[PDB]
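Two forms, one chain: they're shown below as structure tokens, one block per form, named structure 1 and structure 2.
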Structure 1
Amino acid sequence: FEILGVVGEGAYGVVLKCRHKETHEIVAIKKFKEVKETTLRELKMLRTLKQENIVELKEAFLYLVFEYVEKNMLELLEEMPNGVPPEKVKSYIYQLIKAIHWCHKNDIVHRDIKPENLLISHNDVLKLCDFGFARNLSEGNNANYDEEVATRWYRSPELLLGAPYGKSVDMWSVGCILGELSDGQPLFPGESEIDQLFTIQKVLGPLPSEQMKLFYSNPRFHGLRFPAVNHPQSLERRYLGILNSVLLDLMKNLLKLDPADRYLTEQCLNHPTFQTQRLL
């Protein structure tokens, strides 16, 4: 394997764009910078989680070599800064939901669903990557989070204010990505986590009472004002003329402030917006 470059580094290890010397195959090799989150789990999590919308473990040799995908969704949104075409919004989110469905069935919450970890193939096939930050639903009791700020923006209001993290928070990330794909803009951006609660409430309205109670019981937010909103702007108003109305209905169910009301994957896939997509 010759080394062709560095794909990325961050807080998860290092991914190297490498090429097999015999076969001119660009591959993405991950090694760490076992190491905090076990490559050993990942190589088995990626032994079960083999499906067309999850990254392929091509081989392993201390560590892991993946298929190389030239692009991710983060790059797409920079090149299409006002959103990708509406048909692509439905296609990518449907593929993303399918990958989450295959993760959630084996009781794996991905925990770092963001546009960087969504690769898009030359055939426009979405593939989920970076399972290092995950937790399986048994065992677990983990921290091992991605604490990057871009990751924060895809987190549930419950997780920001201190709750456990389950399948419902993975679905909240899907709704955040649906909106960003539609107009290119981060739905819930915040330099500070508290500023995010303003942006969550400015669209989805005042928070549930359980959540606003945990706010006043948490060390991280003490001493500071609550991001209160007089007159909220609904999702319907936020994406008026931008999103197909049937697709907007899926998003509303993805972004229920109370985690209990949130759609999980089977309801999302059987949602109306995918009827013709459910054939294709």
Structure 2
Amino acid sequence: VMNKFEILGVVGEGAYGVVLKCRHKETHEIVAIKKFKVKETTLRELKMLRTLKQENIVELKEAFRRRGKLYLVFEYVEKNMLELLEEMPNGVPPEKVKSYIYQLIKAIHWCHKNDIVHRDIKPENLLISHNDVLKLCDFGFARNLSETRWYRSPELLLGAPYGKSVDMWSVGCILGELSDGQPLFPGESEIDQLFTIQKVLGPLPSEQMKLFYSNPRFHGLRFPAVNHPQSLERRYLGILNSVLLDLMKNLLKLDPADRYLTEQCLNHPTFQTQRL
């Protein structure tokens, strides 16, 4: 309990709840304890965490209860990518961009090999250790395939069926943001998110446009048609080199069927080239 764990400070508080940085009084291990302000989502996530146990996935260590309140004890990692971008608001060095995107793709590759899509990859849930080791967490929106809006693919925004390609979109968004510090698609609403995406990449594919009208969620709403699209080439000139730009264009294909999945990404020149 807080019998056994000393509270060192507050890591975060939000919609997720509250995460405390704590220390075991007997062993002196430092941990992250998530306290809740039990639901199906929690049980689903714990199952996935066990399946995915690995050095690039946050470890759940134990669960306990104090007077009916659930506490989950995790591995503690010193920071997340969101905090890192606050410290470096104009982006990180190109070497660190490649290392974090490599590691993210490797972690997603492991999820996908286990038939799990994460569906909510964003800087806030990418933990980065003192040794620069990236780890994934926050599996509450994840799905097993056999059964805030800024990083979501257009097909997920529209309510379409989805597969492994959903996570590759998020990778492309993070590649850009690590390079210049700026969120690539900062929409203000679901509709404005679709607008912001097309403002860069041009009109959505035919099937997605049809989904806007067949999905009753958008009944009577105005489709956000784009005027003069900008292009990734224009958006990232002087930010991305041609090799990273090439990779980014193939992560951010509007049609999920055209996106590179993880194995193809790892065969890309971005990761296969060796500094001389």
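Between two forms, the rigid core is defined as the largest C-alpha subset superposing within 1.5 Å. Residues are numbered by position in structure 1's sequence, first residue being 1.
Relative to the superposed rigid core, the position of the CA of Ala11 differs between the two structures by 2 Å or more. With the core superposed, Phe221 shows a C-alpha displacement of at least 2 Å between the two structures.
Comparing the forms between the two structures on their rigid core, the Cα displacement of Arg47 reaches 2 Å or more. Taking the rigid core as reference, the CA displacement of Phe133 between the two structures comes to 2.4 Å. Its Cα shifted by 0.2 Å between the two structures, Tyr92 is reported here after superposition on the rigid core.
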